[PDB]
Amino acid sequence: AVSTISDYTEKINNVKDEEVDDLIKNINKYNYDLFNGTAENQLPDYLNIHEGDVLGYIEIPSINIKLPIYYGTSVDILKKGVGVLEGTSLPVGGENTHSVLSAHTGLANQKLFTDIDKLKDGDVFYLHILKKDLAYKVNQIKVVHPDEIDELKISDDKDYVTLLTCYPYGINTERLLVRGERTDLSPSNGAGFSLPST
C-alpha cells in the first residue's frame, strides 16, 4: 500500500545523493548493454539490485492508481504492487529502453486488470524511480498471446514503458499491453525557461 511507498520514500531520501547518482549511472549502463546484447536477464553484480527490491512507484491519475515498483516478478513478491520484467530495461528512461511493468497477481490484479483496461491513447502515467521523475503518454493498447515477444522488445530510437496485466482467471491467458512513450513532466500550456546569460 502507501506504507511500502512511504517506507521507500523514507529509506531512499536518507541515502547519500552521490550513491543514488552512481546507481542511476550503473542502471543506464545496464540498459545500454541490454540493448547492445552485451548483458543478460540476470542483473550484473555491480548494481546490488535484487528480486523484490523496491525501485519506487507508478502514479496513474486517470484511475487513481498509486503502486510500488519492485525489480523482478518472483511469487513471494507478486501479491503487493508491480514488478519490472526480467530481460526488459530498468525504468530510468532513455532512447533504446523498453521497461515492462508486470501486474502483481492476488486481489490487486482483479482490480488492476480492469483498471489498466480503462486506459486509452493520450492518457499519462508518472514513474518515480530512485528520486528520478518520468512521464509516459499511452500510444498502443494491444491484447496478445502468452508466447509473444515483438511488442515487449526494445525499439531503436524509442523510450517505451509497457504496463503488462493478465486476465486473472485461467492459464495461458491473453495479456493486455498498455504501452506509454516518453513525454515532458511540464504541462504544455505553461512554458518559457531560459539559462543565465551576461
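Counting begins at 1, following the sequence as shown.
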Per the entry, higher mean C-alpha B factor between 161-169 and 38-46: 38-46
For 177-185 versus 10-18, entry-based mean Cα B-factors point to 10-18
Compare the C-alpha B factor of residue 140 with those of the other modelled residues in its chain, then answer lowest, middle or highest third. middle
By the recorded C-alpha temperature factor, relative to the other modelled residues in its chain, which third is residue 63 in? highest
Assert third(CA B-factor, residue 147) within chain per record equals highest
Sorting by Cα B-factor within the chain, modelled residues only, which third would residue 93 end up in: lowest, middle or highest? lowest
Which third, lowest, middle or highest, does the CA B-factor of residue 99 fall in along this chain? lowest
